[PDB]
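For the protein sequence lines, the chains are H and G, in the order given. Residue numbers for the first sequence, in the entry's author numbering: 2 to 72. Residue numbers for the second sequence, in the entry's author numbering: 50 to 97. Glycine included, each C-beta is placed from N, C-alpha and C at the ideal position.
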Amino acid sequence: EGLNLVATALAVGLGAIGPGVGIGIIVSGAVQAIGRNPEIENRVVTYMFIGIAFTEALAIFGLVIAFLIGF
Amino acid sequence: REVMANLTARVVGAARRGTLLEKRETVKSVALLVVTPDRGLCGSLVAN
């Protein structure tokens, strides 16, 4: 029936729930840390991104499913 | 003094120590605090 559309919607939404909060936490922490100490900026960002990216992998996984169920 | 010792053992960051703890490289201007007895008869100290 239309259960595949509900599946696609659930995949995208439930994938988006967690990564949004996590990425907010990452960038908030990095901004606060740089504000405290500027000279460490280029290091924390270098870690920031190699953290941040990992999270969206999960989200992207959902998006991948959000198409695999779609077609 | 030991409070200085402990705290300086930490916060070694030059930017963190940019406040007073920093060592000016140019040293273009310097200042001397001289404490001299107020009344004489002190002997050779006032002059020394």
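Item, Value
"Assumed close pair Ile53 (chain H), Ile24 (chain H) - CB separation to whole angstroms, cut-off 8 Å", "6 Å"
"As assigned by DSSP and simplified to three states, the class of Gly3 (chain H)", "coil"
"Residues of its chain near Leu69 (chain H), where Cβ-Cβ distance is below 7 Å and the 5 sequence neighbours each way are ignored", "none"
"Backbone secondary structure at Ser29 (chain H) - three-state DSSP", "helix"
"Rounded C-alpha distance that separates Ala96 (chain G) from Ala80 (chain G)", "20 Å"
"Any chain G beta carbon closer than 8 Å to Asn38 (chain H)", "yes"
"Euclidean distance between Cα positions of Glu74 (chain G) and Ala17 (chain H)", "52 Å"
"Run of the alpha helix (DSSP H) containing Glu42 (chain H), from where it starts to where it stops", "42 to 69"
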